[PDB]
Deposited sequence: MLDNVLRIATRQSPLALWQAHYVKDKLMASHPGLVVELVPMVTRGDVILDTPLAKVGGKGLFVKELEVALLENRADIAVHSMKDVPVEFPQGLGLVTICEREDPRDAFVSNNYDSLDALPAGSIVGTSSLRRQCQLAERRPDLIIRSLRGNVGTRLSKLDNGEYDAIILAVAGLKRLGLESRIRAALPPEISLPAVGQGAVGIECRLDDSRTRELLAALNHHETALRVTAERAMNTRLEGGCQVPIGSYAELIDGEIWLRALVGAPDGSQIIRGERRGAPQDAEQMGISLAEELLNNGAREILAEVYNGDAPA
């Protein structure tokens, strides 16, 4: 019917991604009418995705736009991820007003982040730092830093660039120092699998290479039954024709961090991620994840 409705959250970053996807759709289909259907979410697991899926199941919208790391590992029947857009810088960022790097932070400094993934890696290297929870939209996060509530905070490089706040990035951390969350930097689109018309329209937005990388990352997480908030790092790169997948699972306090890696052909992306996950599980990840999930442990 030439009309496409986009379901999205109401934060500045969520609306940015909605426009980004709209612009792409318009560029490849100049006669389409695009409508934004703003929602709200519990996050405002899968607290920040559920209302959007409901919108899709009862035909209130046609597609839902998410940041790949927020997309849940399991989907209600009839729904699924069908498009993965070009990946932006996938690195974590060091944001601070008073210090230029993590090394310069004196013992006792307060670093803010609610991510167990960012936390376990920070505690492993610097046991002297105090890691405190931090929640809210990027804008309120930056406010609490500015109000002297935190000495430094950790945020994704992609979020800040997208919002035109690149100047806040004191330092982009290498993946070797802070392994990214699965799909960090990529936008993914979910819709009703049987909606051939919508899916046909989406094809031009899919970025092959990014889809390959993210597939390896997600298969790893799906096996670990991971979710947006667990001490899990999962990051893949396309190096000389092969995918190089790295993963880690760590105790929040940094005492124990289990690491592993895989290298192989693009078409083996899913099996690779599942294999790496099982290697971590049989190496202690299971015990750590069971303490995090508390009882519920991966198969």
For this session: Could you sort out which parts of the deposited sequence are absent from the coordinates (no C-alpha) and give them as ranges from 1?
Result: 1-2, 47-58
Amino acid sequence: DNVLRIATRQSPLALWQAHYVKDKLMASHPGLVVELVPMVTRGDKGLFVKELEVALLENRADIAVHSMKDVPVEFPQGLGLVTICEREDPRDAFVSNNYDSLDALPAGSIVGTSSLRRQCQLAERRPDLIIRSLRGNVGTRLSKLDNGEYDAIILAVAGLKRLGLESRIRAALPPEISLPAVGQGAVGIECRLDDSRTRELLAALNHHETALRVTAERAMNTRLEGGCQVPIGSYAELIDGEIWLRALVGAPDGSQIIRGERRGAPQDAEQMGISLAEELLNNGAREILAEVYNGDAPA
From here on, numbers count along this sequence of modelled residues.
Problem set entry | 8-16 set against 279-287, stretch whose average Cα temperature factor tops the other in the entry | 279-287
Problem set entry | Of 218-226 and 180-188, the one with larger mean CA B-factor | 218-226
Problem set entry | Deposited CA B-factor, highest of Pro76, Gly159, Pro175, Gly108 | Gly108
For this session: Choose from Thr210, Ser196, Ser114, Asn137 the residue with the greatest Cα B-factor as stated in the PDB record.
Result: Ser196
Exercise. If you rank the chain by CA B-factor, which third does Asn147 end up in: lowest, middle or highest?
Worked result: highest
For this session: Name the third of the chain's ranked CA B-factors that contains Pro231, choosing lowest, middle or highest.
Result: middle
Seminar exercise, completed: So, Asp103's CA B-factor, relative to its chain, sits in which third? The highest
For this session: Divide the modelled residues of the chain into thirds by Cα B-factor and specify which third, lowest, middle or highest, holds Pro72.
Result: highest
Seminar exercise, completed: Here the Cα B-factor of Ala171, set against its chain, lands in the third termed highest
